[PDB]
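To start, the structure itself, in structure tokens.
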RNA sequence: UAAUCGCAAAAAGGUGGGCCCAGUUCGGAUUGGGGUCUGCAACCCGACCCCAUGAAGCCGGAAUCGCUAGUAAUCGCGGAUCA
RNA sequence: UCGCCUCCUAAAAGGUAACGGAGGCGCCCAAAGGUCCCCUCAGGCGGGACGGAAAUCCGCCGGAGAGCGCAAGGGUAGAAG
């Protein structure tokens, strides 16, 4: 529970920040399932890897503190 | 002695009686007894109509508390039906949400044993 | 018979009922 | 008892300290 | 007494407001309560040899009238008992007694309902008049936690002059009915 | 650079206070909310601390394990591995 | 199959046969009887804590399709209910 910092990946923020530069589209691959969802980065759908595939997940405000892997479950039928 | 809605303790030492509220345990109990300045060794049986009101004042006003506490947590589990976080599921399949071994126990979150099986080995 | 309701919200209301002795845990003022 | 994490014996058996077992 | 708060309130407050809101020509066109019939269902009492005459003598304290002892008209094996000796408990309140009952209910009882956000605003539907049902009967002043044994709810129908539920909604909201907007 | 300081409090016991046979001040699972720490990183998956939850269990069917004395029972302490 | 009751066959009075069509009876009620006084159904659409798709409650709409112990027919709420 990172309480001084947000452990959030470089290649991610630089990528959403130079997409914030006038706020363009969003098709973004990643493997940073280990990283926190940043404020306002809503709209931008991020294809998160789960070991097999990049799952196309959409984003909204109510979800924030959650990790991106927390919307790419890893196993199949429980 | 009906402080919280449908909840009424009686003839027991008040300290633990207040436990008999959803949203109130040993902690929020003692906390309130010094602040109301009342001896907890005393029973709900016996006290001033002033003592009673003094207590329900502090408690019901501070925090919450059966009803809209209960109703609140639910809406939080509800919100984990967003696009659908990991803690969202597990709530969806009634399984342990807190990173555990399903292979064996989990019976607290899973109603008693659905033995249901018909596995085979060698006849001939 | 005529009754006297007593709130924990101070307020006293004047209705009529069986037995005037009335302890209320807060009326519709709260 | 030896798992009520809000107690003397609860902390003891676990081997940690808190409110319910003051560090000295 | 021949006068109560609500009764006064109706005349010297609500009566006019409505005449101003909806523009009635005649005193009688102005809607008014007709009656409040209150009833308990009681699927038990039939069985376990249950006399359960506990409910009426109890109810009588709150409503102020000895209730009337209502009975089943068909036989239903499925849902038990056979026409007759059957069960249900209903009382009809008009004038003062009607008023005294609502006075207390609105001003006191609905306050100590367990949850509460207001009364459901979809229980007239054109069909003038308004229904609602309760669960615990101890929410009233006269009833004490000592007195109870089983928690028997009830249905409250309140009938009015209003032909539309627009003009009936107003009447009740202004008489002091908290509605769940 | 360590019988010369530290882990450190041993626990049960002893003293006197509280509960009064209650699924309870028994029991601490489940879950919500809030924090701390190690680590580049605790979504899958860490352990803690606090507020709130207080689940099954009122001594276990057919079965069946261990132990002959400082033993069995029962209480606590250290160490390896190792962020 | 054999007595009794209802309907059709039966040709608009009555009556009318066949190993023609198709059902009931061999009981029941001390109130399901006498009189006086009250009351009006089945459904349908809303509306109402437990409450089904008819448990009990409220409101509209509803001349009769309800009900009248039991088969059918006739009759019947301006009651036979």
Relative contact order %, chain E, counting alpha carbon pairs below 8 Å whose residues are six or more apart: 30 percent
Is the shape of chain A best called rounded, prolate or oblate, per the rule: a/c under 1.5 gives rounded, else a/b larger than b/c gives prolate, else oblate, with a ≥ b ≥ c the square roots of the Cα gyration tensor eigenvalues? oblate
Helix-only estimate, please: 222 nm mean residue ellipticity of chain E, summing -39500 (n - 2.57) across DSSP H runs of length 4 or more and dividing by its residues, to the nearest 500. -7000 deg cm²/dmol
Rounded tilt (10° steps) of B:26-35 against the dominant C-alpha axis of chain B: 20 degrees
Between the modelled labels at residue D:2 and residue E:149 (7 Å from Cα along Cα→Cβ) the distance in nm is 4.9 nm
For each of D:11, E:35, C:29, count neighbouring Cβ atoms within 10 Å of the residue's Cβ, then give the residues from fewest to most. C:29, E:35, D:11
For Cα pairs less than 8 Å apart in space and 6+ apart in sequence, what is the mean separation divided by the residue count of chain A, i.e. the relative contact order in percent? 27 percent
Footprinting exposure proxy for D:7, B:48 (fewest neighbouring C-beta atoms within 10 Å first): B:48, D:7
For chain B, what does the helix formula give at 222 nm: sum of -39500 (n - 2.57) over DSSP H segments with n ≥ 4, over the residue count, nearest 500 deg cm²/dmol? -9500 deg cm²/dmol
If each residue's Cβ is checked for other Cβ atoms within 10 Å, how do E:104, E:46 rank with the fewest at the top? E:46, E:104
Between the stretch B:1-24 and the stretch E:133-171, what is the separation of their alpha carbon centroids in Å? 27 Å
For the Cα atoms of chain E, what angle does the longest principal axis make with the long axis of helix E:54-63, in degrees from 0 to 90, nearest 10? 10 degrees
Could you let me know the centre-to-centre spacing of the stretch B:28-82 and the stretch E:16-39, using Cα atoms, in angstrom? 43 Å
When only C-alpha pairs under 8 Å and at least 6 residues apart count, what is the relative contact order of chain B, in percent? 18 percent
Need the C-alpha centroid separation for the stretch E:40-66 versus the stretch A:31-53, integer Å. 63 Å
Rounded, prolate or oblate, given the Cα gyration tensor of chain E, with a/c below 1.5 counting as rounded? prolate
Cα-based helix-to-principal-axis angle, B:49-62 vs chain B, degrees rounded to 10: 40 degrees
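Since every read-out is calculated from the coordinates, none of them should be taken as a lab result. With ideal geometry, Cβ positions are generated from the backbone for all residues, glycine too; neighbour counts draw on all protein chains shown.
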